[PDB]
Structures are given as structure tokens and as C-alpha cells.
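**Q** Here it is, the structure, as C-alpha cells.
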Amino acid sequence: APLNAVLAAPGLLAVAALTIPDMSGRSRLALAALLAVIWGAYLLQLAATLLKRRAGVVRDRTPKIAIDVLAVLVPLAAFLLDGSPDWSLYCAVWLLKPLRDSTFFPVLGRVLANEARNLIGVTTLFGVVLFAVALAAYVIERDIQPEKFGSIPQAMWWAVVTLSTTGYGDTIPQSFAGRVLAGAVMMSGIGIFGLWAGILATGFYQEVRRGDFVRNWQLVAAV
Amino acid sequence: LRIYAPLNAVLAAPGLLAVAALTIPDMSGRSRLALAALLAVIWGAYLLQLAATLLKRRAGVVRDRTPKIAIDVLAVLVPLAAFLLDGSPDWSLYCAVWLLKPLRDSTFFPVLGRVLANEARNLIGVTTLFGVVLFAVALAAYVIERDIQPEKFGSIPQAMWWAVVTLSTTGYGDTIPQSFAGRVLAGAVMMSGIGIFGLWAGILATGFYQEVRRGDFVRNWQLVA
Amino acid sequence: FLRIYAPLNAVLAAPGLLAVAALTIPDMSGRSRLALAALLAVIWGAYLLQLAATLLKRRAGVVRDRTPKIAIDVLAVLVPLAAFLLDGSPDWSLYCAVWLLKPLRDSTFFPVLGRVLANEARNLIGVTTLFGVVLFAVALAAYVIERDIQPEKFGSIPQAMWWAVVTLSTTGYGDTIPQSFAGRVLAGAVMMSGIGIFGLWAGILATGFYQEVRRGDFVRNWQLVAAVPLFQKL
Amino acid sequence: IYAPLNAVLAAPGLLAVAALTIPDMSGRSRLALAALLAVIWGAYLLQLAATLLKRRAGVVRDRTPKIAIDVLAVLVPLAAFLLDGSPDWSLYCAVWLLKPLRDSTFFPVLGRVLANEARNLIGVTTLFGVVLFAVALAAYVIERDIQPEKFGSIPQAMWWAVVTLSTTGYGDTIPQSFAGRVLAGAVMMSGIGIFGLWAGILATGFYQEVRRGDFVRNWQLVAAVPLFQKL
Ligand SMILES: [K+]
Ligand SMILES: [K+]
Ligand SMILES: [K+]
Ligand SMILES: [K+]
Ligand SMILES: [K+]
């Protein structure tokens with residue numbers, strides 16, 4: 001079923017493989033050629049999408065066209081303009097190709113729209129708490145660790161890395177007061193970590209029960 | 001899309017970043033002034049916003065907005081207090097009273113308040129559930145490796161650190177069990193980390209489901225009678 | 001909110017547990033250390049007073065069910081006393097930790113949670129066994145790949161199972177890290193299936209707490225809205 | 001409950017596979033674990049007979065994989081005991097990982113969840129695959145010059161991309177530059193959303209199964225009429 005998506009797979013990997021140092025000159029050329037063949041295939045797929053007028057009935061596909069155009073113009077612009085061996089990174093527009101044919105995204109679009117209001121209200125909440133924490137983390141250990149928690153942005157780095165529970169461990173609080181704070185930061189992380197899921201889940205629900213207005217109320221109680 | 005809708009919150013964005021930029025060591029005195037100026041311009045802008053809210057007492061018949069005003073009031077009194085009373089280069093930190101500014105004009109926290117009140121009983125119980133599991137794990141973490149790592153697991157509050165770290169799955173990697181039985185425990189602790197991440201998610205999912213259930217008195221009881 | 005108006009017996013537990021922590025700190029002054037030991041005995045006295053409070057008045061009405069409540073109150077005085085007598089080393093106060101069950105008493109969360117971890121238990125213990133399988137199955141591949149590269153981090157299944165939990169749970173300490181190419185590719189798949197297994201737990205519980213308030217409509221608009229005539233007479 | 005008798009046996013069986021691979025082990029106790037493996041292997045051989053032999057439940061019932069698991073539990077371990085000559089044969093007995101899967105009454109229901117929502121799930125995989133590569137691209141661009149060995153290639157940047165976006169956060173490949181660390185800030189945030197995406201999708205996955213089993217206690221038992229429904 002997915003014709004466009006399969007072609008991107010070795011294409012994206014070809015962009016990766018071209019960036020590796022100490023690669024042989026003969027094999028490096030082959031990876032460049034594999035980029036070209038797929039480009040032509042995407043050029044051909046542009047022609048099938050563009051040249052199908054006076055033969056196509058009413059079908060909404062405004063974003064579908066955009067992907068097919070970008071997939072051929074960008075890798076062409078770098079093909080002509082960028083003379084440095086760092087031209088292949090432009091081919092990373094083919095990431096839009098697996099986003100074309102999957103019924104996942106037009107549904108996702110109605111989730112991030114019905115619950116859009118609530119979602120951005122969490123992001124700014126994430127920022128506020130992150131900042132509020134990065135502030136106190138600075139006041140507590142600006143003296144003891146002078147190059148780690150030196151500035152608010154140097155504490156913000158830790159505020160991100162603790163609230164997100166990524167947890168690198170390049171900037172850890174040393175003071176008692178600074179550690180017990182980190183505790184609360186590590187906890188308030190979990191709280192919003194699931195709050196995403198909570199909101200995101202309820203969005204999907206109503207779309208499943210919107211089609212239940214014509215499958216349980218007018219397809220078993222009207223016929 | 002949202003350039004003239006969150007008018008009050010746009011101003012806070014450069015403001016908070018200015019507070020941040022001011023504390024950076026090795027900053028030139030000329031640029032350090034510019035940032036100090038930028039704070040004041042925004043402070044005056046909120047003073048202008050305070051007047052537009054306070055002097056205009058036009059409501060109509062019935063209108064309640066006491067929490068809305070309380071934010072604007074704090075956004076001018078506190079920075080001014082730091083401008084006068086505090087005499088160290090560490091006065092700018094007080095401007096972070098504008099963290100309350102984005103919380104004003106957004107229809108989400110009156111909704112969140114009703115989620116956090118109708119499932120309060122359940123939420124509160126997860127936190128004391130967390131604290132118990134944390135303390136019990138640290139207790140066990142102590143007894144095992146107090147005699148192997150005396151400066152990492154030497155006390156309960158030294159293990160409580162590893163508990164918070166491991167349970168939340170933040171996992172810093174400064175305190176790590178070395179002995180067999182210590183690590184086996186770490187496993188159950190890390191796994192029990194996943195448990196709590198679920199209950200936090202599941203309950204909030206149940207609370208937000210209860211918000212869609214408010215429309216069963218105007219769409220399934222008055223339109224299906 | 002049941003925090004500053006309702007749970008009286010759980011408030012007492014707060015300083016109690018912290019005193020257990022405080023008493024274990026090395027380099028502590030024997031003057032303040034005695035004061036901490038003193039605080040425990042005030043609380044243990046308050047719990048002993050609470051024991052009689054729920055043992056004097058044994059009934060209020062006709063028949064009331066409170067078997068688990070007393071089981072907590074009893075353990076709250078017997079175990080701490082057992083350590084105060086039988087154990088005569090500096091390591092005794094640890095037994096005061098049996099006050100961790102005291103917040104689990106005066107809460108409405110746990111009888112709710114109970115019916116959730118029973119109506120869906122079948123699926124929940126199915127996730128743990130899915131975790132076990134994926135944890136070991138991956139750990140097996142880890143040892144095979146990097147036993148000839150880092151023979152002290154990936155030289156035994158137990159060393160690999162360590163990396164298995166550490167990664168799959170998205171803890172990720174950072175002392176065991178795959179060095180080879182092949183290991184890092186799989187390592188990613190561990191972090192990815194780590195997203196599933198971290199969300200599958202969220203899945204069951206989004207159904208559990210849901211399937212509880214949806215049991216008030218089983219006799220309000222289902223078994224009492226549509227019925228046949230002459231159903232209950234004799 | 002003493003009902004999963006087939007799974008209890010698996011527990012020490014698999015642990016023995018582990019214990020065998022530990023270096024600095026005495027030959028006396030190394031033989032002892034190899035012995036324990038045989039004991040359980042024979043128990044599954046007895047169980048294999050108890051599956052293929054006795055028959056008394058149904059007309060012609062479908063349980064092909066339930067037998068197939070017991071098939072692999074005895075053909076594979078015996079192949080290692082014979083065909084493999086190195087002390088590294090026990091690794092094959094790991095096939096007993098399939099044993100706790102036989103009758104767990106969680107995996108037949110999970111299959112339908114990963115079918116009625118599979119369309120969506122395989123959507124998030126290539127969504128992850130996109131952002132992962134999208135981020136790695138930028139990481140390389142931002143710090144290929146500064147850290148030429150941690151971010152000296154797209155593969156090396158991809159290593160950070162999984163590590164950050166899965167919130168794992170090892171702490172080996174870390175962006176040092178301002179921009180990369182600002183990016184890392186988002187790469188940590190958008191990972192949390194993905195940690196909700198699956199968690200939200202599977203929150204619907206288990207939903208539209210518990211309300212389909214109550215299509216026989218609220219749709220086919222509440223709305224009942226004799227001689228009024230046929231096809
Ligand atoms: K970590
Ligand atoms: K780390
Ligand atoms: K995590
Ligand atoms: K982590
Ligand atoms: K580290």
C-alpha cells in the first residue's frame with residue numbers, strides 16, 4: 001500500500017551514510033547516485049500528481065501536493081547552489097514523504113485542534129515552573145558551584161534536564177537545600193509527564209464517539 | 001493567529017529573559033544597562049495595564065474577576081519594591097513575578113482547577129503513596145549498602161536522594177548500587193517508577209473525561225428527554 | 001482536599017518517619033540525637049492512645065466493617081515496642097518505619113485503587129510478564145554483542161540485565177553503555193519499546209479508574225428505564 | 001494461584017541460563033546449573049506429551065500456537081546440547097521465554113488492541129522516526145565543528161537523538177554549544193509529548209475493547225426480542 005514511504009527509507013539512510021568520516025571514494029559516489037535515482041522517482045511522482053486534471057473528481061489534497069513539490073525543488077536547489085560537500089543534508093526534506101500516505105495524521109490534526117487550547121496552556125505551564133525552579137536553583141548554589149549554576153541559563157539547563165526527567169548528570173546540586181529542591185522538581189516532572197497523556201487521550205475519545213452519532217442512534221434505532 | 005489575543009503575556013516573554021540575562025557573569029557594563037532598561041519599559045507597560053484595569057470599574061450587572069486583578073497588582077508593586085528597597089545587583093530576580101502574567105489570559109486554568117478539584121481526593125493520595133514507596137525503598141537501600149559505600153548510602157536521606165532520582169526515572173548516575181542485592185532492588189525501584197507514571201496519567205485521563213461529562217445535562221438530558 | 005482538615009492520624013506520621021532518617025546520620029551530636037529519639041516516643045505514645053480510641057468504642061450503629069483499619073493501628077505500636085526491648089544495638093529505630101502504613105489508613109484513595117487493581121489485575125500482571133520477557137530477551141542480545149569488547153560491563157547476562165532495566169525503564173544511569181555499532185542500534189530499540197512499556201501502564205489505568213464511576217448508570221438508564229409490566233408483587 | 005504451572009518452571013530455567021554465563025565460576029557449581037536446565041527440559045518434554053496426547057475439550061478446537069510453544073521448548077534446547085560444542089550453548093534455552101506467554105489471558109486481548117489501533121501506532125513510529133532524524137540533522141549542523149567525535153556524523157547525532165527523545169538521558173554525548181543546548185531543551189520536551197502519544201493512543205486502545213465486550217451486556221442483553229432478529 002505505501003508506495004512513496006518505501007522510497008524514502010534508503011534515501012534518508014543515504015544522507016546519513018554520506019556524513020560518515022573515513023569513507024572510501026568509490027563507495028561514497030555510489031551513495032550519491034542512490035540519492036539521484038530516488039530524486040528522479042520523486043520527480044516522476046510529482047508528474048503523476050500534477051498531471052491528473054480533467055480526469056480527477058472532487059478530492060481534497062492541498063497538503064499532499066506541497067510535499068511532492070518540496071521533495072524535488074530543495075534537492076535541486078542544493079544540487080546547483082551549494083558547492084561544498086555538505087549538500088546532501090538538504091535531501092532531508094524527504095522526511096515529509098512518510099507523512100503523506102498515512103491515515104494517522106489527518107486524525108491527529110483533529111486531536112491537536114479540539115484540544116489545542118489545553119495543550120499550549122501546558123507548554124507555558126512547563127516554562128513557568130521550569131523558570132521558577134531555575135530561579136531558586138540559582139539563588140541556592142550560585143556560590144558553591146560557580147560555573148555550573150552560575151547564571152539562570154546555566155540553571156535553566158538543569159531545569160530542563162530535571163523536569164523532563166532526561167537526567168544527564170553534568171550539573172547536579174551539591175547543597176542540602178539544593179538537593180531537596182531537585183526532589184520536588186523530579187516529582188513535578190512526573191505530574192506533567194502524564195498530563196500530556198491525560199489530555200491527549202481524551203481528544204481521541206470524542207472522535208470515536210462522533211461516529212457513534214450515526215452507528216448507534218441512526219443505524220440501529222432508525223432502520 | 002495569537003498576536004493580539006494574549007496581549008498581557010507577550011510582554012512577559014522578553015521580561016523574564018531579561019531577568020535571566022542580567023545574572024550572567026562577565027557581562028559588559030554597557031549591555032548590562034540596556035537589559036536593566038528593558039525591564040523598566042515593560043514594568044511601565046504593566047503600570048499602564050494596571051490603570052486600564054483599576055480605573056475602569058465597568059462591569060454591567062454581575063461580573064467577578066478578583067483573581068485577574070490580583071496578578072496585575074503584584075506585577076507592579078513587587079518590582080517597584082525591589083527597585084527601591086533592595087540595594088544589591090540581585091534586585092532583578094524579583095521581576096519573575098511576571099510568571100503569573102501568562103497564567104492570566106488563557107482559558108485553561110479555570111478548566112484545570114475543576115479537574116484538580118474533582119479528582120483532588122485521588123491525586124493527593126498518589127503523592128503520599130509516592131512518599132511511602134520512596135521512603136521504604138531508601139530504607140532498604142540504606143541497610144544493604146551502608147557498609148560498602150559509606151559516603152553514598154551512609155544515611156537514609158543519602159538513599160532518599162537515590163530513591164527520588166531512580167523512582168522518577170530521572171536517574172542521574174551519581175549514586176548507584178554496587179552490590180548484587182542492591183542492584184536487584186534498583187530494578188524493582190525503576191519498574192515501580194513506571195507504575196507511578198501510569199497512575200498519574202490514568203487519573204488525569206479520568207479527570208479530563210469528567211470534563212466531557214458536563215455536557216450530559218444540556219446534550220443528553222435536555223435534548224433526549 | 002483531605003490534608004489540613006481530615007487526616008489527623010497521618011499528620012503524626014510525618015515527623016515520625018523523618019526522625020527515623022535523622023537518627024541514622026553519622027557524626028550526630030548525642031544531645032540532639034537523644035531529642036530525636038525522644039520525639040519517636042511521644043508519637044508512639046500518641047499512637048498507643050489512638051489504639052485504645054479504636055478499641056474502646058468497638059461499634060457505632062448496627063454492623064460496621066473496619067478490619068483493615070485496626071490491623072494498621074496495632075502494628076503501629078507493637079513493632080516499635082518490639083525494637084525498643086528486644087534489639088539493643090544503635091540500629092533499632094528503623095522498625096519505626098511501620099508507620100508508613102498510617103497514611104494508607106485515613107485515605108479514600110486505596111479502597112478505590114483496590115477495586116482497580118482487581119478488575120483489571122489480569123491485564124496488569126500480563127504487562128509485568130511482558131516486561132520480564134522483553135527485559136531478558138534484549139539482555140540476551142546485549143551479552144552476545146559486546147562480551148568481546150567491554151568484558152566487564154557486558155560479560156554476563158546479569159550485567160546485561162542491569163542495562164536492560166536501566167534503559168527499558170528510561171532511567172538510564174550511564175555506567176553501562178553499548179560501545180559497538182550493532183549494540184547501539186538495538187539500544188535504541190530498547191529505548192523505543194521503552195516508550196511503549198511506559199505507556200502501556202498508562203493504558204490499563206486509563207481504563208481502570210474510568211470503569212468505576214460508569215457503574216451508576218447500570219440501574220438508572222439501563223435496568224430501570226425500560227421494563228415489562230408486572231415484575232415485582234410477591 | 002497454582003494455575004500457571006507451565007510458567008513457574010520457566011523462572012529458574014531462564015535464570016540458570018544467566019548463571020551459566022558468569023565468569024570466575026567453579027566447575028562444581030557450573031555443572032549444577034547445567035543439571036537444573038536438564039530437569040526443567042525434561043519437565044517440558046513431559047508437558048509436550050501431555051499436550052499432544054490427551055484430548056477431551058471441544059469438537060475440533062483451534063490452539064495451534066499453544067502447542068507450537070511447547071514444540072520449541074524441547075527441540076531447540078536439545079539442538080544446542082548436540083550441535084554446539086562451545087561452553088556457550090545455554091543461550092539457546094532462552095526459548096523458554098515463550099512459556100509464560102502460553103495462556104496468560106493478556107496477549108490474546110492485547111492483539112486486538114494492537115489491531116483496532118495498529119493504524120495509529122505505526123503512525124507514531126514513523127513520526128518518532130521523523131523527529132529523531134530531524135533533530136539529529138540539526139545537532140550535527142550545530143556541533144560538527146566543536147565536538148568532532150560526539151557530533152562528527154549523523155549516526156553520532158542520532159545516538160544522542162534516541163537518548164534524549166526517549167528521555168533516557170545517558171550523559172555521554174551532550175551538546176556543549178548554546179544553540180544545541182537550546183535545541184536539546186525542545187528535544188527533551190517533544191519527547192514528553194510522544195510519551196503521551198502512545199500512552200493516549202493505548203488509552204483508547206483498551207477503551208474500545210471494554211466497551212465492545214459490553215455490546216453483549218448493554219446492547220444484546222438489554223435490547224432483546226424473540227423472533228424479531230435474524231441477519
Ligand atoms: K539519566
Ligand atoms: K546520567
Ligand atoms: K523518563
Ligand atoms: K532518565
Ligand atoms: K554520567
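Chain identifiers are assigned as A, B, and so on, following the order in which chains appear in the C-alpha cells; residues are numbered from 1 within each chain, and ligands are numbered from 1 in order of appearance.
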For chain A, which residues have at least one atom within 8 Å of chain B, if we go by only C-alpha atoms? Write them as a PyMOL selection string, please.

**A** chain A and resi 117-118+121+124-125+128+132+135+150-153+162+165-169+179+183+186-187+190-191+193-199+201-202

**Q** Which residues are close to range 196-209 of chain C, i.e. within 8 Å by only C-alpha atoms, leaving aside same-chain residues fewer than 2 positions away? Reply as a PyMOL selection string.

**A** (chain B and resi 194-195+197-199+201-203+205-206) or (chain C and resi 113+116-117+119-120+123-124+127+131+169+192-194+211-213) or (chain D and resi 195-196+198-200+202-207)

**Q** Hey, can you spit out that residue selection with C-alpha atoms as a CSV table (one decimal), in the first residue's frame?

**A**
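So again.csv came out as:
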```
chain,number,residue,atom,x,y,z
B,194,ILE,CA,6.8,3.2,35.7
B,195,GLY,CA,3.9,2.3,37.9
B,197,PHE,CA,3.9,7.4,35.8
B,198,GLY,CA,0.8,5.4,34.9
B,199,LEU,CA,-1.4,6.3,37.9
B,201,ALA,CA,-1.5,9.6,33.7
B,202,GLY,CA,-4.6,7.4,34.2
B,203,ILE,CA,-6.2,9.6,36.9
B,205,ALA,CA,-7.2,10.9,32.0
B,206,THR,CA,-10.2,10.1,34.2
C,113,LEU,CA,-7.3,1.7,43.9
C,116,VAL,CA,-9.0,-1.0,40.1
C,117,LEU,CA,-6.1,-3.5,40.8
C,119,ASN,CA,-11.0,-5.6,38.0
C,120,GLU,CA,-8.0,-5.1,35.7
C,123,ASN,CA,-4.1,-7.4,32.3
C,124,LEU,CA,-1.6,-5.6,34.7
C,127,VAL,CA,2.4,-6.3,31.4
C,131,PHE,CA,8.3,-6.6,30.8
C,169,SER,CA,12.5,1.8,32.0
C,192,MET,CA,11.7,2.8,21.8
C,193,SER,CA,9.9,-0.3,23.3
C,194,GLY,CA,10.7,1.6,26.5
C,211,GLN,CA,-14.6,1.7,34.8
C,212,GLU,CA,-15.7,2.8,38.3
C,213,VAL,CA,-18.0,5.9,38.1
D,195,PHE,CA,5.5,9.7,25.9
D,196,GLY,CA,1.9,10.8,26.0
D,198,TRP,CA,1.4,6.2,22.8
D,199,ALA,CA,0.0,6.5,26.3
D,200,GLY,CA,-3.0,8.3,24.9
D,202,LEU,CA,-3.3,2.9,24.1
D,203,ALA,CA,-5.7,4.7,26.4
D,204,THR,CA,-8.2,4.5,23.6
D,205,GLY,CA,-6.9,1.0,22.6
D,206,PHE,CA,-8.1,-0.6,25.8
D,207,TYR,CA,-11.2,1.7,25.8
```

**Q** What residues in range 13-161 of chain D get the DSSP label helix (DSSP H, G or I)? Please answer as a PDB file with C-alpha atoms, in the first residue's frame.

**A**
```pdb
ATOM      1  CA  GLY D  13      15.107 -22.250  33.854  1.00  0.00           C
ATOM      2  CA  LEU D  14      15.915 -18.841  32.411  1.00  0.00           C
ATOM      3  CA  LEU D  15      17.873 -17.706  35.494  1.00  0.00           C
ATOM      4  CA  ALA D  16      20.086 -20.776  35.025  1.00  0.00           C
ATOM      5  CA  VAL D  17      20.894 -19.508  31.517  1.00  0.00           C
ATOM      6  CA  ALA D  18      22.133 -16.318  33.174  1.00  0.00           C
ATOM      7  CA  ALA D  19      24.097 -18.006  35.989  1.00  0.00           C
ATOM      8  CA  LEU D  20      25.940 -20.133  33.415  1.00  0.00           C
ATOM      9  CA  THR D  21      27.471 -17.121  31.642  1.00  0.00           C
ATOM     10  CA  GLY D  27      33.225 -26.214  37.695  1.00  0.00           C
ATOM     11  CA  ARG D  28      31.382 -27.989  40.526  1.00  0.00           C
ATOM     12  CA  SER D  29      28.537 -25.435  40.653  1.00  0.00           C
ATOM     13  CA  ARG D  30      28.753 -24.762  36.898  1.00  0.00           C
ATOM     14  CA  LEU D  31      27.703 -28.383  36.339  1.00  0.00           C
ATOM     15  CA  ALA D  32      24.936 -27.962  38.947  1.00  0.00           C
ATOM     16  CA  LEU D  33      23.174 -25.250  36.918  1.00  0.00           C
ATOM     17  CA  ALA D  34      23.559 -27.297  33.716  1.00  0.00           C
ATOM     18  CA  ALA D  35      21.840 -30.093  35.646  1.00  0.00           C
ATOM     19  CA  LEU D  36      18.923 -27.839  36.637  1.00  0.00           C
ATOM     20  CA  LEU D  37      18.461 -26.965  32.948  1.00  0.00           C
ATOM     21  CA  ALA D  38      18.019 -30.649  32.065  1.00  0.00           C
ATOM     22  CA  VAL D  39      15.465 -31.204  34.866  1.00  0.00           C
ATOM     23  CA  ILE D  40      13.206 -28.457  33.515  1.00  0.00           C
ATOM     24  CA  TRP D  41      13.867 -29.521  29.903  1.00  0.00           C
ATOM     25  CA  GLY D  42      12.541 -32.978  30.775  1.00  0.00           C
ATOM     26  CA  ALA D  43       9.557 -31.400  32.516  1.00  0.00           C
ATOM     27  CA  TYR D  44       8.657 -29.597  29.280  1.00  0.00           C
ATOM     28  CA  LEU D  45       9.198 -32.880  27.408  1.00  0.00           C
ATOM     29  CA  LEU D  46       6.655 -34.475  29.745  1.00  0.00           C
ATOM     30  CA  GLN D  47       4.391 -31.441  29.201  1.00  0.00           C
ATOM     31  CA  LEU D  48       4.835 -31.767  25.420  1.00  0.00           C
ATOM     32  CA  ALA D  49       3.400 -35.280  25.714  1.00  0.00           C
ATOM     33  CA  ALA D  50       0.528 -34.061  27.917  1.00  0.00           C
ATOM     34  CA  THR D  51      -0.426 -31.634  25.121  1.00  0.00           C
ATOM     35  CA  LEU D  52      -0.136 -33.922  22.074  1.00  0.00           C
ATOM     36  CA  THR D  64      -2.093 -24.344  17.142  1.00  0.00           C
ATOM     37  CA  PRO D  65       0.310 -21.780  18.708  1.00  0.00           C
ATOM     38  CA  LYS D  66      -0.331 -23.136  22.243  1.00  0.00           C
ATOM     39  CA  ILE D  67       1.147 -26.459  21.096  1.00  0.00           C
ATOM     40  CA  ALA D  68       3.856 -24.811  18.958  1.00  0.00           C
ATOM     41  CA  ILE D  69       5.391 -23.095  22.014  1.00  0.00           C
ATOM     42  CA  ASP D  70       5.796 -26.493  23.714  1.00  0.00           C
ATOM     43  CA  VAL D  71       7.347 -27.838  20.487  1.00  0.00           C
ATOM     44  CA  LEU D  72      10.131 -25.210  20.574  1.00  0.00           C
ATOM     45  CA  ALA D  73      10.705 -25.763  24.303  1.00  0.00           C
ATOM     46  CA  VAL D  74      12.216 -29.203  23.571  1.00  0.00           C
ATOM     47  CA  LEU D  75      13.591 -29.206  20.003  1.00  0.00           C
ATOM     48  CA  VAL D  76      15.772 -26.099  20.422  1.00  0.00           C
ATOM     49  CA  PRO D  77      17.431 -26.917  23.806  1.00  0.00           C
ATOM     50  CA  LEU D  78      18.255 -30.432  22.540  1.00  0.00           C
ATOM     51  CA  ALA D  79      19.802 -28.989  19.360  1.00  0.00           C
ATOM     52  CA  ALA D  80      22.238 -26.948  21.483  1.00  0.00           C
ATOM     53  CA  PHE D  81      23.192 -29.917  23.682  1.00  0.00           C
ATOM     54  CA  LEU D  82      24.115 -31.726  20.441  1.00  0.00           C
ATOM     55  CA  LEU D  83      25.212 -29.282  17.711  1.00  0.00           C
ATOM     56  CA  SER D  90      22.862 -22.453  27.279  1.00  0.00           C
ATOM     57  CA  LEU D  91      21.902 -19.264  25.415  1.00  0.00           C
ATOM     58  CA  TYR D  92      19.562 -21.377  23.272  1.00  0.00           C
ATOM     59  CA  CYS D  93      17.458 -22.384  26.300  1.00  0.00           C
ATOM     60  CA  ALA D  94      16.245 -18.771  26.255  1.00  0.00           C
ATOM     61  CA  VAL D  95      13.464 -20.135  24.020  1.00  0.00           C
ATOM     62  CA  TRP D  96      11.581 -20.751  27.286  1.00  0.00           C
ATOM     63  CA  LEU D  97      10.741 -17.026  27.194  1.00  0.00           C
ATOM     64  CA  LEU D  98       7.717 -18.126  25.157  1.00  0.00           C
ATOM     65  CA  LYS D  99       6.398 -20.297  28.011  1.00  0.00           C
ATOM     66  CA  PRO D 100       4.951 -17.529  30.233  1.00  0.00           C
ATOM     67  CA  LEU D 101       3.138 -16.359  27.062  1.00  0.00           C
ATOM     68  CA  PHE D 107      -1.837 -11.381  24.903  1.00  0.00           C
ATOM     69  CA  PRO D 108      -4.989 -12.501  23.025  1.00  0.00           C
ATOM     70  CA  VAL D 109      -6.677  -9.254  24.171  1.00  0.00           C
ATOM     71  CA  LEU D 110      -3.543  -7.128  23.517  1.00  0.00           C
ATOM     72  CA  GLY D 111      -3.539  -8.402  19.917  1.00  0.00           C
ATOM     73  CA  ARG D 112      -6.974  -6.892  19.228  1.00  0.00           C
ATOM     74  CA  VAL D 113      -5.847  -3.617  20.852  1.00  0.00           C
ATOM     75  CA  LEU D 114      -2.764  -3.640  18.604  1.00  0.00           C
ATOM     76  CA  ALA D 115      -5.140  -4.210  15.663  1.00  0.00           C
ATOM     77  CA  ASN D 116      -8.040  -1.825  16.296  1.00  0.00           C
ATOM     78  CA  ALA D 118      -2.439  -0.514  14.845  1.00  0.00           C
ATOM     79  CA  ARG D 119      -3.097   2.002  12.052  1.00  0.00           C
ATOM     80  CA  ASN D 120      -2.416   4.738  14.612  1.00  0.00           C
ATOM     81  CA  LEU D 121       0.583   3.114  16.343  1.00  0.00           C
ATOM     82  CA  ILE D 122       2.632   2.515  13.172  1.00  0.00           C
ATOM     83  CA  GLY D 123       1.894   6.194  12.548  1.00  0.00           C
ATOM     84  CA  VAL D 124       3.718   7.237  15.729  1.00  0.00           C
ATOM     85  CA  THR D 125       6.707   5.022  14.878  1.00  0.00           C
ATOM     86  CA  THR D 126       7.485   6.925  11.657  1.00  0.00           C
ATOM     87  CA  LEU D 127       6.535  10.133  13.473  1.00  0.00           C
ATOM     88  CA  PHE D 128       9.234   9.300  16.027  1.00  0.00           C
ATOM     89  CA  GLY D 129      11.485   8.254  13.138  1.00  0.00           C
ATOM     90  CA  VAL D 130      10.956  11.693  11.605  1.00  0.00           C
ATOM     91  CA  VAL D 131      11.664  13.927  14.619  1.00  0.00           C
ATOM     92  CA  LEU D 132      14.575  11.661  15.611  1.00  0.00           C
ATOM     93  CA  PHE D 133      16.223  12.222  12.216  1.00  0.00           C
ATOM     94  CA  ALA D 134      15.046  15.846  12.069  1.00  0.00           C
ATOM     95  CA  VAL D 135      16.759  16.573  15.389  1.00  0.00           C
ATOM     96  CA  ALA D 136      19.914  14.545  14.680  1.00  0.00           C
ATOM     97  CA  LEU D 137      20.295  16.599  11.493  1.00  0.00           C
ATOM     98  CA  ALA D 138      20.297  19.883  13.441  1.00  0.00           C
ATOM     99  CA  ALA D 139      22.578  18.516  16.190  1.00  0.00           C
ATOM    100  CA  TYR D 140      25.198  17.633  13.568  1.00  0.00           C
ATOM    101  CA  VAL D 141      24.795  21.063  11.929  1.00  0.00           C
ATOM    102  CA  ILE D 142      25.189  22.842  15.290  1.00  0.00           C
ATOM    103  CA  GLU D 143      28.173  20.958  16.755  1.00  0.00           C
ATOM    104  CA  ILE D 154      24.631  11.951  11.559  1.00  0.00           C
ATOM    105  CA  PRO D 155      24.941   8.459  13.139  1.00  0.00           C
ATOM    106  CA  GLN D 156      26.697  10.030  16.174  1.00  0.00           C
ATOM    107  CA  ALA D 157      23.993  12.694  16.379  1.00  0.00           C
ATOM    108  CA  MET D 158      21.276  10.021  16.013  1.00  0.00           C
ATOM    109  CA  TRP D 159      22.774   8.281  19.061  1.00  0.00           C
ATOM    110  CA  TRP D 160      22.060  11.437  21.065  1.00  0.00           C
ATOM    111  CA  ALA D 161      18.628  11.778  19.388  1.00  0.00           C
TER     112      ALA D 161
END
```

**Q** Taking only C-alpha atoms and all ligand atoms into account, which of D:209, D:223, D:186, D:171 comes nearest ligand 1?

**A**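 Comparing D:209, D:223, D:186, D:171 against ligand 1, the winner is D:171.
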
**Q** Please provide the set of residues having any atom within 12 Å of range 68-70 of chain C, restricted to only C-alpha atoms, with same-chain residues fewer than 6 positions apart removed, written as a PyMOL selection string.

**A** chain C and resi 9+47+50-56+58+76-77+101-107+110-111

**Q** To one decimal place, how far is CA of residue 90 in chain C from CA of residue 23 in chain C in Å?

**A**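 Computing it gives 9.2 Å between the two atoms.
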
**Q** Using only C-alpha atoms, can you tell me which of C:172, C:20, C:4, C:33 comes closest to chain A?

**A**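 Closest to chain A of all the choices is C:172.
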
**Q** Wanna dump the chain C-ligand 2 contacts at 10 Å for me, each residue with its shortest atom pair and the distance in Å to one decimal, counting only C-alpha atoms and all ligand atoms, ordered by chain and number, as JSON lines?

**A**
```
{"residue": "C:171", "atom": "CA", "partner": "ligand 2", "partner_atom_place_in_ligand_line": "1 (K)", "distance": 8.5}
{"residue": "C:172", "atom": "CA", "partner": "ligand 2", "partner_atom_place_in_ligand_line": "1 (K)", "distance": 6.3}
{"residue": "C:173", "atom": "CA", "partner": "ligand 2", "partner_atom_place_in_ligand_line": "1 (K)", "distance": 4.6}
{"residue": "C:174", "atom": "CA", "partner": "ligand 2", "partner_atom_place_in_ligand_line": "1 (K)", "distance": 4.8}
{"residue": "C:175", "atom": "CA", "partner": "ligand 2", "partner_atom_place_in_ligand_line": "1 (K)", "distance": 8.1}
```

**Q** My list of candidates is D:222, D:194, D:231, D:210. Which is closest to chain A when distances are computed with only C-alpha atoms?

**A**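 Nearest candidate to chain A out of D:222, D:194, D:231, D:210: D:194.
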